[PDB]
There are 2 protein chains.
Amino acid sequence: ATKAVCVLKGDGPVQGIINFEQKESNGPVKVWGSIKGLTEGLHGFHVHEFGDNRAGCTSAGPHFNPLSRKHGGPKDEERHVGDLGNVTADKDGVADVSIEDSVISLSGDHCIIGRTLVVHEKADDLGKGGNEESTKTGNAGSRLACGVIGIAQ
Amino acid sequence: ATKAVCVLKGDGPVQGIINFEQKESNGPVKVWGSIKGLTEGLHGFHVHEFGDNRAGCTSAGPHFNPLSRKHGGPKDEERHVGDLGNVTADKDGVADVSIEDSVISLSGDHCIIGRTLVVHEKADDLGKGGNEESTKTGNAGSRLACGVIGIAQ
């Protein structure tokens, strides 16, 4: 079964480790791990297009949107491949991520190996945020921590 | 025409950006960038199996060697997929990289997207160092800096 990992780092306190497992190449991907350094609440959680961190998290480019669709939440039909919603940080800044998704893959055209997982400033509004920006990125703000999704043992 | 990038970081001063380019599937991967923070001289430049950075450059694991060959130099027929030889740091610690390789690839069985590049402590002796370890790892020492090979624009 195909396995991947991401180590999230950025410029301040935000850090963590996000595992990915996909036992069948057409089943869902299990995403799990933990993030610390976070303000309490909901934090946008997106696969970005490039595994490029050469000038920081900015280098990662836009959401991974191969089907040129509009931004949604995970559960929507209309959503980018890399729209994985929000993760929620507790009062002590810790987010226990647990997610199952059937739009991302670890193989094929929807493959997220070598792309970037990014944790954002604020809530992804999930297309339901009442302005232009909402239906493009979900207004989730600055990129706090990222890293490239890599092949794991 | 496919592109990748690796940003090299470690616990020391060694930093670098390395670019990969393979304009067609069967063709050679062009590799180039710069690494600073190195001691003058030669340093092993290897692709390792895992894009895992969980516990630093150690988590990358072993040389990327899908064909189960002995360690050599890039020009050798007998070599690991990940055997890219050595880069040369000048007196100011700067290593200008320019490499063309036909064994690594950006797609396929020999695909290196999502794996790690590591730059090592000491010269790779290229399997001609004349001891056991020569033909496993080439004696290149500790891992100074690594980064996961990600998709680039």
# chains A, B, ... in the order shown; residues from 1 in each chain; ligands from 1
call {"tool": "residues_around", "arguments": {"residues": "range 134-139 of chain A", "least_positions_apart": "6", "cutoff": "10 Å", "atoms": "only C-alpha atoms", "output": "compact mmCIF listing (two decimals) with C-alpha atoms, in the first residue's frame"}}
result
# COMPACT_ATOMS: atom_id res chain seq x y z
CA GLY A 44 -7.55 25.96 6.19
CA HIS A 46 -4.99 22.54 1.31
CA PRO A 62 -2.16 28.06 -6.05
CA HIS A 63 -4.38 25.12 -4.84
CA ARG A 69 -13.09 23.82 -10.86
CA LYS A 70 -14.19 26.31 -8.24
CA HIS A 71 -13.24 26.17 -4.63
CA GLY A 72 -15.38 24.08 -2.31
CA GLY A 73 -15.21 22.02 0.79
CA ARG A 79 -14.15 21.63 -5.33
CA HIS A 80 -10.35 21.61 -6.26
CA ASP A 83 -9.51 21.34 -1.06
CA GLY A 85 -11.28 21.70 4.29
CA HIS A 120 -3.37 28.51 6.67
CA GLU A 121 -3.94 31.46 9.02
CA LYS A 122 -7.69 31.27 9.29
CA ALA A 123 -10.73 29.15 8.36
CA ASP A 124 -11.28 27.99 4.86
CA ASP A 125 -14.90 29.40 4.35
CA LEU A 126 -15.35 26.59 1.74
CA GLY A 127 -16.87 28.58 -1.05
CA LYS A 128 -19.65 29.71 1.35
call {"tool": "closest_atom_pairs", "arguments": {"of": "range 10-58 of chain A", "to": "range 100-105 of chain A", "cutoff": "12 Å", "atoms": "only C-alpha atoms", "output": "tab-separated table"}}
result
residue	atom	partner	partner_atom	distance
A:19	CA	A:100	CA	11.6
A:20	CA	A:100	CA	9.5
A:21	CA	A:105	CA	9.5
A:22	CA	A:105	CA	7.5
A:23	CA	A:105	CA	10.6
A:24	CA	A:105	CA	9.8
A:25	CA	A:105	CA	7.4
A:26	CA	A:105	CA	8.0
A:27	CA	A:102	CA	6.5
A:28	CA	A:102	CA	4.2
A:29	CA	A:101	CA	5.3
A:30	CA	A:100	CA	4.6
A:31	CA	A:100	CA	6.1
A:32	CA	A:100	CA	8.6
A:46	CA	A:104	CA	10.8
A:47	CA	A:104	CA	8.8
A:48	CA	A:104	CA	11.6
call {"tool": "atom_distance", "arguments": {"atom1": "CA of residue 16 in chain A", "atom2": "CA of residue 34 in chain A"}}
result
5.6 Å
call {"tool": "residues_around", "arguments": {"residues": "residue 114 in chain B", "least_positions_apart": "3", "cutoff": "9 Å", "atoms": "only C-alpha atoms", "output": "mmCIF file with N, CA and C atoms, in the first residue's frame"}}
result
data_model
loop_
_atom_site.group_PDB
_atom_site.id
_atom_site.type_symbol
_atom_site.label_atom_id
_atom_site.label_comp_id
_atom_site.auth_asym_id
_atom_site.auth_seq_id
_atom_site.Cartn_x
_atom_site.Cartn_y
_atom_site.Cartn_z
ATOM 1 N N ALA A 4 2.625 8.047 2.132
ATOM 2 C CA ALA A 4 3.297 9.308 1.997
ATOM 3 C C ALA A 4 3.304 10.010 3.362
ATOM 4 N N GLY A 51 5.643 21.443 -5.213
ATOM 5 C CA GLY A 51 6.531 21.151 -4.117
ATOM 6 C C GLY A 51 7.805 22.012 -4.102
ATOM 7 N N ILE A 113 1.771 13.413 -4.467
ATOM 8 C CA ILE A 113 3.176 13.238 -4.150
ATOM 9 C C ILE A 113 4.039 14.290 -4.873
ATOM 10 N N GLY A 114 4.878 14.988 -4.112
ATOM 11 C CA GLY A 114 5.704 16.021 -4.706
ATOM 12 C C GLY A 114 4.970 17.338 -4.855
ATOM 13 N N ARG A 115 3.798 17.466 -4.233
ATOM 14 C CA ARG A 115 3.086 18.741 -4.229
ATOM 15 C C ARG A 115 3.185 19.190 -2.762
ATOM 16 N N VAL A 148 6.586 19.541 1.437
ATOM 17 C CA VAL A 148 6.397 18.757 0.228
ATOM 18 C C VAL A 148 5.958 17.350 0.657
ATOM 19 N N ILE A 149 5.001 16.807 -0.099
ATOM 20 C CA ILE A 149 4.482 15.509 0.230
ATOM 21 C C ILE A 149 5.417 14.526 -0.416
ATOM 22 N N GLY A 150 5.933 13.637 0.416
ATOM 23 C CA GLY A 150 6.944 12.732 -0.018
ATOM 24 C C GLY A 150 6.525 11.318 0.173
ATOM 25 N N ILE A 151 7.159 10.417 -0.576
ATOM 26 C CA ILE A 151 7.094 8.959 -0.463
ATOM 27 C C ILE A 151 7.664 8.432 0.899
ATOM 28 N N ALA A 152 6.845 7.703 1.637
ATOM 29 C CA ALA A 152 7.187 7.168 2.970
ATOM 30 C C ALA A 152 7.253 5.657 2.921
ATOM 31 N N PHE B 50 13.408 7.691 0.490
ATOM 32 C CA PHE B 50 12.167 8.260 1.019
ATOM 33 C C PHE B 50 12.210 9.764 1.119
ATOM 34 N N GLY B 51 11.078 10.381 0.793
ATOM 35 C CA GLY B 51 10.813 11.778 0.943
ATOM 36 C C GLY B 51 10.268 12.010 2.334
ATOM 37 N N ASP B 52 10.860 11.337 3.311
ATOM 38 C CA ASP B 52 10.524 11.433 4.750
ATOM 39 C C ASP B 52 11.591 12.216 5.587
ATOM 40 N N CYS B 111 11.472 7.151 -11.221
ATOM 41 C CA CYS B 111 10.972 8.486 -10.887
ATOM 42 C C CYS B 111 11.501 8.918 -9.524
ATOM 43 N N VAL B 148 13.125 17.024 0.073
ATOM 44 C CA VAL B 148 12.152 16.275 -0.792
ATOM 45 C C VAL B 148 12.070 16.939 -2.188
ATOM 46 N N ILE B 149 12.252 16.085 -3.212
ATOM 47 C CA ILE B 149 12.066 16.438 -4.602
ATOM 48 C C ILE B 149 10.586 16.603 -4.947
ATOM 49 N N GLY B 150 10.182 17.872 -5.156
ATOM 50 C CA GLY B 150 8.808 18.222 -5.498
ATOM 51 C C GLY B 150 8.631 18.733 -6.917
ATOM 52 N N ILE B 151 7.445 18.580 -7.467
ATOM 53 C CA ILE B 151 7.013 19.241 -8.722
ATOM 54 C C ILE B 151 7.120 20.760 -8.693
#
call {"tool": "calpha_fit_and_write", "arguments": {"fixed": "chain B", "moving": "chain A", "output": "mmCIF file with C-alpha atoms, in the first residue's frame"}}
result
data_model
loop_
_atom_site.group_PDB
_atom_site.id
_atom_site.type_symbol
_atom_site.label_atom_id
_atom_site.label_comp_id
_atom_site.auth_asym_id
_atom_site.auth_seq_id
_atom_site.Cartn_x
_atom_site.Cartn_y
_atom_site.Cartn_z
ATOM 1 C CA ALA A 1 8.286 19.554 -19.922
ATOM 2 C CA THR A 2 8.390 18.004 -16.422
ATOM 3 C CA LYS A 3 10.154 20.179 -13.836
ATOM 4 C CA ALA A 4 11.117 19.568 -10.253
ATOM 5 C CA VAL A 5 12.921 21.478 -7.443
ATOM 6 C CA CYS A 6 14.532 20.500 -4.048
ATOM 7 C CA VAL A 7 15.303 22.972 -1.158
ATOM 8 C CA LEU A 8 18.231 21.561 0.839
ATOM 9 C CA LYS A 9 18.314 22.244 4.585
ATOM 10 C CA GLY A 10 19.832 20.444 7.517
ATOM 11 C CA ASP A 11 21.110 21.174 11.020
ATOM 12 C CA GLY A 12 23.923 23.621 10.273
ATOM 13 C CA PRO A 13 25.009 26.028 7.621
ATOM 14 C CA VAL A 14 24.323 23.817 4.566
ATOM 15 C CA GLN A 15 21.595 25.109 2.192
ATOM 16 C CA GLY A 16 20.591 25.483 -1.435
ATOM 17 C CA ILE A 17 18.268 24.992 -4.400
ATOM 18 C CA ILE A 18 18.548 22.244 -7.002
ATOM 19 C CA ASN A 19 16.365 22.376 -10.109
ATOM 20 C CA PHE A 20 15.539 19.327 -12.288
ATOM 21 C CA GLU A 21 14.263 19.487 -15.882
ATOM 22 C CA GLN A 22 13.274 16.509 -18.131
ATOM 23 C CA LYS A 23 11.637 17.655 -21.437
ATOM 24 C CA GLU A 24 11.396 14.106 -22.878
ATOM 25 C CA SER A 25 10.271 11.282 -20.607
ATOM 26 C CA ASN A 26 13.092 9.077 -22.044
ATOM 27 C CA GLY A 27 15.795 11.718 -22.380
ATOM 28 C CA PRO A 28 18.188 12.716 -19.651
ATOM 29 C CA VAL A 29 17.402 14.842 -16.556
ATOM 30 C CA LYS A 30 19.254 18.208 -16.213
ATOM 31 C CA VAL A 31 20.106 18.906 -12.609
ATOM 32 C CA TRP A 32 21.375 22.303 -11.622
ATOM 33 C CA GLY A 33 21.493 24.863 -8.910
ATOM 34 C CA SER A 34 23.683 25.956 -6.022
ATOM 35 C CA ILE A 35 24.717 24.826 -2.488
ATOM 36 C CA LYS A 36 26.475 27.126 0.190
ATOM 37 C CA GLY A 37 27.742 26.266 3.781
ATOM 38 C CA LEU A 38 30.079 23.568 2.511
ATOM 39 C CA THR A 39 33.700 22.651 3.371
ATOM 40 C CA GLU A 40 35.954 23.046 0.318
ATOM 41 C CA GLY A 41 36.062 20.081 -1.963
ATOM 42 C CA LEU A 42 33.978 17.223 -3.097
ATOM 43 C CA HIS A 43 30.652 16.305 -1.479
ATOM 44 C CA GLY A 44 28.619 13.173 -2.175
ATOM 45 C CA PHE A 45 25.354 13.829 -3.929
ATOM 46 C CA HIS A 46 22.667 11.210 -3.853
ATOM 47 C CA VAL A 47 18.990 10.596 -4.337
ATOM 48 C CA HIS A 48 17.811 8.703 -1.231
ATOM 49 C CA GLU A 49 14.715 6.406 -1.204
ATOM 50 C CA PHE A 50 12.177 8.284 0.954
ATOM 51 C CA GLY A 51 10.860 11.840 1.074
ATOM 52 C CA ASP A 52 10.672 11.494 4.772
ATOM 53 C CA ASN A 53 12.293 14.116 6.915
ATOM 54 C CA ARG A 54 10.371 13.443 10.048
ATOM 55 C CA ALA A 55 13.436 12.852 12.278
ATOM 56 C CA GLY A 56 15.847 14.739 9.980
ATOM 57 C CA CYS A 57 17.901 13.682 6.914
ATOM 58 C CA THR A 58 18.255 10.133 8.505
ATOM 59 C CA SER A 59 14.532 9.572 7.729
ATOM 60 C CA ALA A 60 15.311 9.534 4.001
ATOM 61 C CA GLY A 61 16.622 5.968 4.315
ATOM 62 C CA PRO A 62 19.218 4.334 1.929
ATOM 63 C CA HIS A 63 20.148 5.402 -1.689
ATOM 64 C CA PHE A 64 17.397 5.053 -4.201
ATOM 65 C CA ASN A 65 18.471 1.603 -5.516
ATOM 66 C CA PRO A 66 15.416 0.022 -7.245
ATOM 67 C CA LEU A 67 17.483 -2.449 -9.316
ATOM 68 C CA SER A 68 19.384 -3.766 -6.186
ATOM 69 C CA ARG A 69 22.699 -2.901 -7.886
ATOM 70 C CA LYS A 70 25.979 -1.945 -6.283
ATOM 71 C CA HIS A 71 27.130 1.560 -5.694
ATOM 72 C CA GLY A 72 28.961 3.319 -8.491
ATOM 73 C CA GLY A 73 29.553 6.693 -9.956
ATOM 74 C CA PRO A 74 27.107 8.291 -12.397
ATOM 75 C CA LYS A 75 29.058 7.100 -15.497
ATOM 76 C CA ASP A 76 29.144 3.492 -14.428
ATOM 77 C CA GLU A 77 26.791 0.797 -15.725
ATOM 78 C CA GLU A 78 26.772 -0.691 -12.301
ATOM 79 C CA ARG A 79 25.397 2.071 -10.007
ATOM 80 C CA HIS A 80 22.148 2.864 -7.973
ATOM 81 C CA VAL A 81 19.469 5.066 -9.715
ATOM 82 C CA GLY A 82 20.391 7.733 -7.178
ATOM 83 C CA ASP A 83 24.153 7.718 -7.473
ATOM 84 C CA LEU A 84 24.762 11.285 -8.844
ATOM 85 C CA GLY A 85 28.410 11.400 -7.875
ATOM 86 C CA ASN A 86 29.971 14.399 -6.100
ATOM 87 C CA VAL A 87 29.476 18.130 -6.276
ATOM 88 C CA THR A 88 32.432 20.348 -5.637
ATOM 89 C CA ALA A 89 32.464 23.233 -3.159
ATOM 90 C CA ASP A 90 34.902 26.112 -3.943
ATOM 91 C CA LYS A 91 37.081 27.776 -1.332
ATOM 92 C CA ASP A 92 34.248 29.955 -0.170
ATOM 93 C CA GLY A 93 31.940 26.887 0.512
ATOM 94 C CA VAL A 94 29.771 27.391 -2.645
ATOM 95 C CA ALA A 95 28.944 24.475 -5.059
ATOM 96 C CA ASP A 96 27.633 25.313 -8.498
ATOM 97 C CA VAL A 97 25.860 22.065 -9.461
ATOM 98 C CA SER A 98 25.492 21.215 -13.195
ATOM 99 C CA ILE A 99 24.751 17.593 -14.094
ATOM 100 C CA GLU A 100 23.013 15.645 -16.833
ATOM 101 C CA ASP A 101 21.846 12.093 -15.958
ATOM 102 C CA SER A 102 20.014 9.378 -17.955
ATOM 103 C CA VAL A 103 19.368 6.962 -15.086
ATOM 104 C CA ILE A 104 17.103 9.058 -12.844
ATOM 105 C CA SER A 105 13.736 10.172 -14.189
ATOM 106 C CA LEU A 106 10.911 12.546 -13.231
ATOM 107 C CA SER A 107 8.420 9.851 -14.391
ATOM 108 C CA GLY A 108 8.175 6.028 -14.344
ATOM 109 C CA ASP A 109 9.873 3.470 -12.145
ATOM 110 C CA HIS A 110 13.139 5.544 -11.925
ATOM 111 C CA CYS A 111 11.065 8.558 -10.747
ATOM 112 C CA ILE A 112 12.703 10.710 -8.124
ATOM 113 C CA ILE A 113 9.729 13.012 -7.365
ATOM 114 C CA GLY A 114 8.853 12.678 -3.681
ATOM 115 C CA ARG A 115 12.214 11.105 -2.839
ATOM 116 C CA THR A 116 15.164 12.938 -1.220
ATOM 117 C CA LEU A 117 18.200 14.730 -2.571
ATOM 118 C CA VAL A 118 21.023 14.641 0.063
ATOM 119 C CA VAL A 119 24.388 16.352 0.243
ATOM 120 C CA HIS A 120 26.986 14.482 2.283
ATOM 121 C CA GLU A 121 29.958 15.270 4.541
ATOM 122 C CA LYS A 122 32.726 14.007 2.326
ATOM 123 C CA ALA A 123 33.486 12.645 -1.158
ATOM 124 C CA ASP A 124 31.522 9.828 -2.612
ATOM 125 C CA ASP A 125 34.502 7.432 -3.456
ATOM 126 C CA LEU A 126 32.199 5.953 -6.181
ATOM 127 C CA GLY A 127 32.721 2.300 -5.513
ATOM 128 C CA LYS A 128 36.493 2.813 -5.979
ATOM 129 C CA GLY A 129 37.363 3.358 -2.273
ATOM 130 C CA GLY A 130 38.915 0.100 -1.241
ATOM 131 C CA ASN A 131 36.562 -1.250 1.384
ATOM 132 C CA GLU A 132 33.157 -2.809 1.941
ATOM 133 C CA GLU A 133 31.421 0.443 2.739
ATOM 134 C CA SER A 134 32.655 1.903 -0.582
ATOM 135 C CA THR A 135 30.673 -0.421 -2.747
ATOM 136 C CA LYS A 136 27.561 0.216 -0.680
ATOM 137 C CA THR A 137 27.326 3.996 -0.050
ATOM 138 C CA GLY A 138 30.696 5.281 -1.282
ATOM 139 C CA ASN A 139 31.800 6.417 2.151
ATOM 140 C CA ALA A 140 30.374 9.958 1.728
ATOM 141 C CA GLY A 141 29.694 10.458 5.427
ATOM 142 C CA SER A 142 27.033 12.361 7.295
ATOM 143 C CA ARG A 143 24.025 14.004 5.663
ATOM 144 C CA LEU A 144 24.552 17.802 5.807
ATOM 145 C CA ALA A 145 21.390 19.006 4.073
ATOM 146 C CA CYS A 146 18.428 17.365 2.264
ATOM 147 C CA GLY A 147 14.985 17.956 1.082
ATOM 148 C CA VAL A 148 12.172 16.257 -0.769
ATOM 149 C CA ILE A 149 12.105 16.528 -4.529
ATOM 150 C CA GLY A 150 8.951 18.249 -5.493
ATOM 151 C CA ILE A 151 6.921 19.169 -8.573
ATOM 152 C CA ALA A 152 7.859 22.709 -9.836
ATOM 153 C CA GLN A 153 6.081 25.067 -12.290
#
call {"tool": "select_by_dssp", "arguments": {"residues": "chain B", "states": "strand (DSSP E or B)", "output": "PyMOL selection string"}}
result
chain B and resi 2-9+15-22+29-36+41-48+54+56+63+83-89+95-101+105+111+116-120+143-148+150-151
call {"tool": "write_last_selection", "arguments": {"atoms": "C-alpha atoms", "output": "PDB file, in the first residue's frame"}}
result
ATOM      1  CA  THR B   2       8.306  18.126 -16.535  1.00  0.00           C
ATOM      2  CA  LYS B   3      10.244  20.142 -13.794  1.00  0.00           C
ATOM      3  CA  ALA B   4      11.141  19.456 -10.140  1.00  0.00           C
ATOM      4  CA  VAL B   5      12.989  21.324  -7.396  1.00  0.00           C
ATOM      5  CA  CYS B   6      14.661  20.402  -4.094  1.00  0.00           C
ATOM      6  CA  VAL B   7      15.483  22.917  -1.352  1.00  0.00           C
ATOM      7  CA  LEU B   8      18.359  21.580   0.797  1.00  0.00           C
ATOM      8  CA  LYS B   9      18.447  22.296   4.547  1.00  0.00           C
ATOM      9  CA  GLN B  15      21.672  25.521   2.106  1.00  0.00           C
ATOM     10  CA  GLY B  16      20.859  25.033  -1.534  1.00  0.00           C
ATOM     11  CA  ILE B  17      18.406  25.072  -4.401  1.00  0.00           C
ATOM     12  CA  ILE B  18      18.517  22.361  -7.038  1.00  0.00           C
ATOM     13  CA  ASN B  19      16.432  22.210 -10.156  1.00  0.00           C
ATOM     14  CA  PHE B  20      15.638  19.198 -12.336  1.00  0.00           C
ATOM     15  CA  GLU B  21      14.362  19.163 -15.821  1.00  0.00           C
ATOM     16  CA  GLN B  22      13.409  16.361 -18.143  1.00  0.00           C
ATOM     17  CA  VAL B  29      17.376  14.872 -16.470  1.00  0.00           C
ATOM     18  CA  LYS B  30      19.204  18.201 -16.437  1.00  0.00           C
ATOM     19  CA  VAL B  31      20.136  19.129 -12.824  1.00  0.00           C
ATOM     20  CA  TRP B  32      21.524  22.497 -11.615  1.00  0.00           C
ATOM     21  CA  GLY B  33      21.451  24.954  -8.732  1.00  0.00           C
ATOM     22  CA  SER B  34      23.825  26.096  -5.996  1.00  0.00           C
ATOM     23  CA  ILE B  35      24.659  24.896  -2.449  1.00  0.00           C
ATOM     24  CA  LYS B  36      26.510  27.112   0.108  1.00  0.00           C
ATOM     25  CA  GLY B  41      36.136  20.011  -1.764  1.00  0.00           C
ATOM     26  CA  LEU B  42      33.958  17.188  -2.908  1.00  0.00           C
ATOM     27  CA  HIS B  43      30.704  15.962  -1.280  1.00  0.00           C
ATOM     28  CA  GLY B  44      28.398  13.025  -2.102  1.00  0.00           C
ATOM     29  CA  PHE B  45      25.199  14.088  -4.002  1.00  0.00           C
ATOM     30  CA  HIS B  46      22.690  11.188  -3.753  1.00  0.00           C
ATOM     31  CA  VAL B  47      19.051  10.499  -4.310  1.00  0.00           C
ATOM     32  CA  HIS B  48      17.754   8.488  -1.183  1.00  0.00           C
ATOM     33  CA  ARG B  54      10.352  13.346  10.130  1.00  0.00           C
ATOM     34  CA  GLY B  56      15.792  14.986   9.861  1.00  0.00           C
ATOM     35  CA  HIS B  63      20.150   5.183  -1.445  1.00  0.00           C
ATOM     36  CA  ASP B  83      24.085   7.716  -7.589  1.00  0.00           C
ATOM     37  CA  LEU B  84      24.727  11.344  -8.762  1.00  0.00           C
ATOM     38  CA  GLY B  85      28.393  11.340  -7.750  1.00  0.00           C
ATOM     39  CA  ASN B  86      29.847  14.492  -6.158  1.00  0.00           C
ATOM     40  CA  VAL B  87      29.463  18.295  -6.275  1.00  0.00           C
ATOM     41  CA  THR B  88      32.448  20.511  -5.708  1.00  0.00           C
ATOM     42  CA  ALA B  89      32.500  23.290  -3.103  1.00  0.00           C
ATOM     43  CA  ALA B  95      28.966  24.422  -4.926  1.00  0.00           C
ATOM     44  CA  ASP B  96      27.814  25.255  -8.417  1.00  0.00           C
ATOM     45  CA  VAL B  97      25.807  22.221  -9.662  1.00  0.00           C
ATOM     46  CA  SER B  98      25.372  21.292 -13.311  1.00  0.00           C
ATOM     47  CA  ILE B  99      24.700  17.613 -14.116  1.00  0.00           C
ATOM     48  CA  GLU B 100      22.905  15.767 -16.836  1.00  0.00           C
ATOM     49  CA  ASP B 101      21.666  12.314 -15.838  1.00  0.00           C
ATOM     50  CA  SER B 105      13.888  10.252 -14.163  1.00  0.00           C
ATOM     51  CA  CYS B 111      10.972   8.486 -10.887  1.00  0.00           C
ATOM     52  CA  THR B 116      15.065  12.917  -1.110  1.00  0.00           C
ATOM     53  CA  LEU B 117      18.227  14.525  -2.329  1.00  0.00           C
ATOM     54  CA  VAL B 118      21.029  14.501   0.258  1.00  0.00           C
ATOM     55  CA  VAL B 119      24.410  16.232   0.187  1.00  0.00           C
ATOM     56  CA  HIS B 120      26.934  14.470   2.321  1.00  0.00           C
ATOM     57  CA  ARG B 143      23.954  13.888   5.704  1.00  0.00           C
ATOM     58  CA  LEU B 144      24.607  17.606   5.754  1.00  0.00           C
ATOM     59  CA  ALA B 145      21.353  18.749   4.111  1.00  0.00           C
ATOM     60  CA  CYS B 146      18.394  17.144   2.308  1.00  0.00           C
ATOM     61  CA  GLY B 147      15.162  18.148   0.719  1.00  0.00           C
ATOM     62  CA  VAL B 148      12.152  16.275  -0.792  1.00  0.00           C
ATOM     63  CA  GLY B 150       8.808  18.222  -5.498  1.00  0.00           C
ATOM     64  CA  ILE B 151       7.013  19.241  -8.722  1.00  0.00           C
TER      65      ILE B 151
END
